[PDB]
Amino acid sequence: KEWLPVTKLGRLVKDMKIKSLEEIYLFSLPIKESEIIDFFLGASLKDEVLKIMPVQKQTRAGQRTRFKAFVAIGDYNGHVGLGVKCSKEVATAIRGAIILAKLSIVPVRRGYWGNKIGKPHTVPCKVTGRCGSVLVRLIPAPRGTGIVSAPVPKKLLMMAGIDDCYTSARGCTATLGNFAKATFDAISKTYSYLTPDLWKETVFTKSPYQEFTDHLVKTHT
Amino acid sequence: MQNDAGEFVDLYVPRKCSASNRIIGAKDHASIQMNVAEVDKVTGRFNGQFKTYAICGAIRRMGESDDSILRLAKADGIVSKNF
Amino acid sequence: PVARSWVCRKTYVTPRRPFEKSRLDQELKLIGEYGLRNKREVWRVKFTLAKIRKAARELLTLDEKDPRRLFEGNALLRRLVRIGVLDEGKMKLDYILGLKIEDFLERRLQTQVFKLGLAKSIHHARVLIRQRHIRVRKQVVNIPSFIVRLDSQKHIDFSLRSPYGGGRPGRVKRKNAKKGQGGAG
Amino acid sequence: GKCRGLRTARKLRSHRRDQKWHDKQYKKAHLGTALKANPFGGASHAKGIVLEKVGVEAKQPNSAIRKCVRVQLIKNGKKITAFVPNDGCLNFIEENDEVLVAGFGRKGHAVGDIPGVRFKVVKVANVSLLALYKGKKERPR
RNA sequence: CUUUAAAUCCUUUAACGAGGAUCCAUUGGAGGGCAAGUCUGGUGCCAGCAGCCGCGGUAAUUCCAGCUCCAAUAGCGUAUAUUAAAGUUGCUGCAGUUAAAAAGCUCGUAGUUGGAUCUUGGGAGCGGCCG
């Protein structure tokens with residue numbers, strides 16, 4: 001019944017020699033086991049399906065129809081992710097989309113609007129993100145403004161944790177897949193944006209492999 | 001980031017390329033953290049300490065990672081000045 | 001040419017999205033918790049809160065130590081304190097942006113009357129208020145939307161001309177007593 | 001915007017006014033011929049007199065013959081058509097009666113499967129059609 | 001009573017005045033857009049509904065009626081003129097290879113836009129390089 005990891009990162013996270021996934025993000029280690037997020041992020045992770053688009057292909061055996069599911073999962077504290085999976089059965093498609101959304105989550109950072117008092121409440125800068133022909137930009141807002149946007153991006157942002165923000169979209173917002181991918185790309189670049197606050201030189205902490213090789217050389221052969 | 005007191009609200013500080021001075025994102029698998037070991041001058045031996053480098057994925061993708069590593073090793077004092 | 005007023009002003013704005021689930025859920029929850037007749041009152045509260053917020057933002061978007069900014073901010077903060085939302089330790093302009101609609105509704109006459117411990121239910125408090133049963137500082141109050149102040153808080157009770165605060169009974173007790181007396185003779 | 005000179009405002013304004021004038025909705029709303037061709041003439045409602053009752057066919061594969069009224073206006077004498085909205089309300093309208101005609105709601109455009117009809121009947125013999133349907137009122141006789 | 005040129009209206013106070021408190025609250029909807037029935041009975045491309053897609057061919061969640069249900073509630077629906085949505089008039093701020101669109105090409109008067117370079121430092125001082 002106990003989870004059996006595949007890669008050695010799974011061994012490290014299961015053996016409790018690691019403390020958090022923040023340094024996992026810091027070292028940009030790819031994640032392949034979807035249960036690592038479950039181990040780290042517990043019952044605070046909530047998922048909600050967006051829409052079901054039945055894609056239909058035609059062959060000599062007549063029309064062939066299968067379903068592709070869009071779901072967004074992430075705790076309400078800074079981690080958000082999106083998943084897309086297509087399967088013959090709708091239920092298995094939902095499960096696959098949930099697994100893929102759990103596998104890929106990007107932490108987001110929040111900032112202040114002028115008066116740097118309290119906890120962060122809004123996007124630090126005017127981030128942007130474009131995929132296909134959908135362009136979504138996020139603008140910081142003062143406290144209590146809320147999330148002014150379409151229902152789906154509002155749901156995604158409030159799932160992420162950014163309570164105050166201004167939005168502006170352009171293109172075919174009807175296509176939910178492209179619009180959701182664009183608003184995820186816009187929110188996934190909030191960390192990857194050099195701010196004069198982070199001009200300090202970075203000290204290179206030793207990689208987890210270089211420090212726990214003495215254990216990984218004897219756990220798995 | 002700061003506040004009334006001075007504590008930090010950013011939940012993690014990201015890395016930063018030692019060559020292009022560009023930070024490394026979470027979902028950037030092309031980034032490389034390279035470790036280079038130095039050699040004692042007395043005889044030539046491994047001591048135990050090392051020097052750590054970091055190169056963003058863009059530099060390697062464009063193809064200038066080796067030159068950046070060479071420059072870093074020359075500046076630190078590994079590669080001979082005359083070369 | 002007539003000596004008239006010609007001054008009128010609305011007090012609410014209808015939400016742009018007509019049929020939303022979360023908006024209706026929050027409005028219904030607020031009405032149920034605080035006993036409101038319709039969505040117009042929560043809309044008017046939202047409108048006045050938005051006006052206060054935009055005024056605070058307009059004052060804040062200027063430089064520090066500007067005499068107009070200081071004067072208007074001090075006046076508005078004193079008004080908010082004497083209304084009864086903010087506290088004595090929170091007298092900064094940026095704290096205006098962190099107010100809640102529940103903070104404005106909790107200062108309503110109806111909910112305050114229900115809370116102070118003289119009415120069974122909040123609907124009972126509202127129906128007592130509407131039928132002219134209790135007074136506010138030697139003045140009979142009638143409307144539950146009476147925004148209670150801070151100093152005018154400890155001097156509200158039943159009225160002298162009320163059957164509950166001590167006075168001549170109402171319309172049913174006297175009729176029942178008359179019926180009993182007539183039955184007795 | 002292409003011309004970005006600090007002293008280029010007249011050229012920009014002239015180009016903008018030309019491109020606004022050559023449009024469609026602005027041209028419709030700022031030319032007298034569109035209002036001249038309008039049967040009402042910019043009015044929301046207009047009374048008329050019934051000439052004869054006519055039926056019309058459908059357009060899409062929606063076969064159902066629908067009945068209208070050939071109404072002649074009063075202000076200008078224009079002869080137009082008018083759909084009777086509700087079910088079996090054609091019997092309520094007799095010949096040569098005072099009828100109030102209003103547009104359907106798509107700004108002088110054919111709607112649905114009814115070709116060439118842009119209007120509808122709202123009042124007949126100074127009595128509302130809704131009241132005549134629900135039976136709240138009764139047509140004078 | 002009071003107000004008022006005299007009155008009505010508002011407030012005050014007597015005497016009455018509610019249990020199914022019959023002292024009885026309507027307007028458009030229940031396929032999607034857009035909150036709310038694979039309910040029941042009726043006609044069967046007819047009658048009709050429908051701003052758009054479309055619903056009706058003998059099991060209609062969309063037509064005609066009953067119960068139930070959702071929205072604003074002394075208010076609600078419809079037509080018109082107009083504004084934001086329109087980054088579909090784009091000054092901020094739109095497009096021109098293939099979806100609408102670069103004159104066949106060049107010269108050229110108005111209009112518009114125009115390369116670099118002419119000014120600098122010290123003296124004393126309020127003070128912990130600079131306020």
# chains A, B, ... in the order shown; residues from 1 in each chain; ligands from 1
call {"tool": "residues_around", "arguments": {"residues": "residue 105 (chain C)", "least_positions_apart": "3", "cutoff": "12 Å", "atoms": "only C-alpha atoms (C1' of nucleotides)", "output": "PyMOL selection string"}}
result
chain C and resi 30-31+33-36+41-46+48-49+83-85+99-102+108-112+144-148
call {"tool": "closest_atom_pairs", "arguments": {"of": "chain E", "to": "chain D", "cutoff": "8 Å", "atoms": "only C-alpha atoms (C1' of nucleotides)", "output": "Markdown table"}}
result
| residue | atom | partner | partner_atom | distance |
| --- | --- | --- | --- | --- |
| E:45 | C1' | D:63 | CA | 5.3 |
| E:46 | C1' | D:64 | CA | 7.6 |
| E:47 | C1' | D:87 | CA | 7.7 |
| E:48 | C1' | D:87 | CA | 6.2 |
| E:50 | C1' | D:112 | CA | 7.5 |
| E:51 | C1' | D:106 | CA | 7.0 |
| E:79 | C1' | D:44 | CA | 5.7 |
| E:80 | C1' | D:44 | CA | 4.5 |
| E:89 | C1' | D:20 | CA | 5.8 |
| E:90 | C1' | D:1 | CA | 7.6 |
| E:91 | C1' | D:1 | CA | 7.6 |
| E:112 | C1' | D:8 | CA | 6.8 |
| E:113 | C1' | D:5 | CA | 7.0 |
call {"tool": "select_by_dssp", "arguments": {"residues": "region 11-135 of chain A", "states": "strand (DSSP E or B)", "output": "PDB file with C-alpha atoms, in the first residue's frame"}}
result
ATOM      1  CA  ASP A  47      -8.715  20.607  -8.293  1.00  0.00           C
ATOM      2  CA  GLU A  48     -11.581  21.780 -10.495  1.00  0.00           C
ATOM      3  CA  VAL A  49     -12.308  20.785 -14.091  1.00  0.00           C
ATOM      4  CA  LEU A  50     -12.839  23.650 -16.537  1.00  0.00           C
ATOM      5  CA  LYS A  51     -14.534  22.209 -19.634  1.00  0.00           C
ATOM      6  CA  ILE A  52     -14.847  19.017 -21.673  1.00  0.00           C
ATOM      7  CA  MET A  53     -14.306  19.307 -25.427  1.00  0.00           C
ATOM      8  CA  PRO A  54     -15.211  16.104 -27.309  1.00  0.00           C
ATOM      9  CA  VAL A  55     -12.722  15.896 -30.179  1.00  0.00           C
ATOM     10  CA  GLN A  56     -14.043  13.846 -33.099  1.00  0.00           C
ATOM     11  CA  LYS A  57     -11.924  12.337 -35.877  1.00  0.00           C
ATOM     12  CA  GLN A  58     -13.264  10.622 -38.985  1.00  0.00           C
ATOM     13  CA  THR A  59     -11.991   7.378 -40.518  1.00  0.00           C
ATOM     14  CA  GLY A  62     -17.028   6.224 -39.377  1.00  0.00           C
ATOM     15  CA  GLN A  63     -16.577   9.067 -36.944  1.00  0.00           C
ATOM     16  CA  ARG A  64     -14.330   8.436 -33.938  1.00  0.00           C
ATOM     17  CA  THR A  65     -14.930  10.570 -30.846  1.00  0.00           C
ATOM     18  CA  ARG A  66     -12.843  10.945 -27.691  1.00  0.00           C
ATOM     19  CA  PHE A  67     -12.679  13.518 -24.904  1.00  0.00           C
ATOM     20  CA  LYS A  68      -9.946  15.917 -23.785  1.00  0.00           C
ATOM     21  CA  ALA A  69     -10.178  17.366 -20.279  1.00  0.00           C
ATOM     22  CA  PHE A  70      -8.831  20.601 -18.802  1.00  0.00           C
ATOM     23  CA  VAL A  71      -8.309  20.827 -15.036  1.00  0.00           C
ATOM     24  CA  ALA A  72      -6.487  23.258 -12.739  1.00  0.00           C
ATOM     25  CA  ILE A  73      -5.116  22.234  -9.340  1.00  0.00           C
ATOM     26  CA  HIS A  79       1.358  26.994  -6.061  1.00  0.00           C
ATOM     27  CA  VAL A  80      -0.775  26.649  -9.200  1.00  0.00           C
ATOM     28  CA  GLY A  81      -0.768  24.217 -12.106  1.00  0.00           C
ATOM     29  CA  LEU A  82      -2.667  23.156 -15.206  1.00  0.00           C
ATOM     30  CA  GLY A  83      -3.123  19.767 -16.836  1.00  0.00           C
ATOM     31  CA  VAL A  84      -4.436  18.545 -20.178  1.00  0.00           C
ATOM     32  CA  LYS A  85      -5.196  14.904 -20.981  1.00  0.00           C
ATOM     33  CA  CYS A  86      -7.118  13.235 -23.808  1.00  0.00           C
ATOM     34  CA  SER A  87      -8.580   9.747 -23.427  1.00  0.00           C
ATOM     35  CA  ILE A 105       2.982  23.227 -10.833  1.00  0.00           C
ATOM     36  CA  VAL A 106       4.898  26.520 -10.786  1.00  0.00           C
ATOM     37  CA  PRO A 107       5.149  28.572  -7.571  1.00  0.00           C
ATOM     38  CA  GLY A 111       4.137  41.765  -4.087  1.00  0.00           C
ATOM     39  CA  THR A 122      -0.810  41.262  -5.809  1.00  0.00           C
ATOM     40  CA  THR A 128       2.618  38.785 -19.587  1.00  0.00           C
ATOM     41  CA  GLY A 129       2.049  35.528 -21.425  1.00  0.00           C
ATOM     42  CA  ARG A 130       1.036  34.599 -24.969  1.00  0.00           C
ATOM     43  CA  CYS A 131       0.234  31.266 -26.598  1.00  0.00           C
ATOM     44  CA  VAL A 134      -4.260  34.862 -26.849  1.00  0.00           C
ATOM     45  CA  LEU A 135      -2.342  37.530 -24.918  1.00  0.00           C
TER      46      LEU A 135
END
call {"tool": "residues_around", "arguments": {"residues": "residue 18 (chain B)", "least_positions_apart": "3", "cutoff": "7 Å", "atoms": "only C-alpha atoms (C1' of nucleotides)", "output": "PDB file with C-alpha atoms, in the first residue's frame"}}
result
ATOM      1  CA  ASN B  21      23.570  37.460 -14.740  1.00  0.00           C
ATOM      2  CA  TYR B  53      29.221  27.550 -11.303  1.00  0.00           C
ATOM      3  CA  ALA B  54      25.771  28.037 -12.810  1.00  0.00           C
ATOM      4  CA  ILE B  55      24.820  28.614 -16.453  1.00  0.00           C
TER       5      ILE B  55
END
call {"tool": "atom_distance", "arguments": {"atom1": "CA of residue 114 (chain A)", "atom2": "CA of residue 82 (chain C)"}}
result
27.6 Å
call {"tool": "residues_around", "arguments": {"residues": "residue 10 (chain A)", "least_positions_apart": "4", "cutoff": "8 Å", "atoms": "only C-alpha atoms (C1' of nucleotides)", "output": "PDB file with C-alpha atoms, in the first residue's frame"}}
result
ATOM      1  CA  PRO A   5       9.375   5.615  -5.841  1.00  0.00           C
ATOM      2  CA  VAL A   6      10.909   5.166  -9.291  1.00  0.00           C
ATOM      3  CA  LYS A  14      10.199   9.524   0.790  1.00  0.00           C
ATOM      4  CA  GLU A  33       6.260  11.144  -9.807  1.00  0.00           C
ATOM      5  CA  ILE A  36       5.660  13.858  -4.463  1.00  0.00           C
TER       6      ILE A  36
END
call {"tool": "atom_distance", "arguments": {"atom1": "CA of residue 178 (chain C)", "atom2": "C1' of residue 15 (chain E)"}}
result
14.5 Å
call {"tool": "interface_residues", "arguments": {"of": "chain C", "to": "chain A", "cutoff": "8 Å", "atoms": "only C-alpha atoms", "output": "PyMOL selection string"}}
result
chain C and resi 94+97-99
call {"tool": "select_by_dssp", "arguments": {"residues": "region 34-173 of chain A", "states": "helix (DSSP H, G or I)", "output": "tab-separated table (two decimals) with C-alpha atoms, in the first residue's frame"}}
result
chain	number	residue	atom	x	y	z
A	35	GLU	CA	2.74	11.66	-5.56
A	36	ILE	CA	5.66	13.86	-4.46
A	37	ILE	CA	3.32	16.86	-4.60
A	38	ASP	CA	0.78	14.89	-2.58
A	39	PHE	CA	3.43	14.11	0.04
A	40	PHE	CA	4.50	17.76	0.25
A	90	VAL	CA	-14.20	10.75	-19.94
A	91	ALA	CA	-13.47	9.54	-16.40
A	92	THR	CA	-9.99	8.26	-17.27
A	93	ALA	CA	-9.41	11.55	-19.09
A	94	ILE	CA	-10.27	13.43	-15.89
A	95	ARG	CA	-7.90	11.26	-13.84
A	96	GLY	CA	-5.10	11.72	-16.36
A	97	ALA	CA	-5.64	15.48	-16.46
A	98	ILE	CA	-5.53	15.58	-12.65
A	99	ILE	CA	-2.29	13.59	-12.61
A	100	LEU	CA	-0.66	15.81	-15.24
A	101	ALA	CA	-1.78	19.00	-13.46
A	102	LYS	CA	-0.32	17.66	-10.21
A	103	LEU	CA	2.93	16.82	-12.01
A	151	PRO	CA	-14.56	33.57	-14.76
A	152	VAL	CA	-11.87	31.04	-15.75
A	153	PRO	CA	-8.80	33.29	-15.22
A	154	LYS	CA	-10.41	34.61	-12.04
A	155	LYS	CA	-10.75	31.02	-10.83
A	156	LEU	CA	-7.14	30.28	-11.77
A	157	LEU	CA	-5.73	33.39	-10.07
A	158	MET	CA	-7.73	32.94	-6.87
A	159	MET	CA	-6.62	29.31	-6.84
A	160	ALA	CA	-3.02	30.52	-7.11
call {"tool": "interface_residues", "arguments": {"of": "chain E", "to": "chain A", "cutoff": "12 Å", "atoms": "only C-alpha atoms (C1' of nucleotides)", "output": "PDB file with N, CA and C atoms (P, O5', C5', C4', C3', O3' and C1' of nucleotides), in the first residue's frame"}}
result
ATOM      1  P     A E  86     -13.776  44.139 -25.320  1.00  0.00           P
ATOM      2  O5'   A E  86     -13.484  45.376 -26.278  1.00  0.00           O
ATOM      3  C5'   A E  86     -14.075  45.448 -27.572  1.00  0.00           C
ATOM      4  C4'   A E  86     -13.574  46.636 -28.354  1.00  0.00           C
ATOM      5  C3'   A E  86     -13.799  47.991 -27.689  1.00  0.00           C
ATOM      6  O3'   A E  86     -12.744  48.878 -28.058  1.00  0.00           O
ATOM      7  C1'   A E  86     -14.967  47.918 -29.742  1.00  0.00           C
ATOM      8  P     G E  87     -11.500  49.112 -27.066  1.00  0.00           P
ATOM      9  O5'   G E  87     -10.239  48.625 -27.909  1.00  0.00           O
ATOM     10  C5'   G E  87     -10.079  49.009 -29.271  1.00  0.00           C
ATOM     11  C4'   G E  87      -9.149  48.082 -30.016  1.00  0.00           C
ATOM     12  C3'   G E  87      -9.425  46.591 -29.836  1.00  0.00           C
ATOM     13  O3'   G E  87      -9.167  45.905 -31.059  1.00  0.00           O
ATOM     14  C1'   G E  87      -7.215  47.079 -29.139  1.00  0.00           C
ATOM     15  P     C E  94      -1.563  50.970 -32.863  1.00  0.00           P
ATOM     16  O5'   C E  94      -2.412  49.713 -33.343  1.00  0.00           O
ATOM     17  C5'   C E  94      -3.029  48.856 -32.395  1.00  0.00           C
ATOM     18  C4'   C E  94      -4.066  47.970 -33.037  1.00  0.00           C
ATOM     19  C3'   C E  94      -3.589  47.159 -34.230  1.00  0.00           C
ATOM     20  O3'   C E  94      -2.922  45.966 -33.856  1.00  0.00           O
ATOM     21  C1'   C E  94      -5.603  48.250 -34.788  1.00  0.00           C
TER      22        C E  94
END
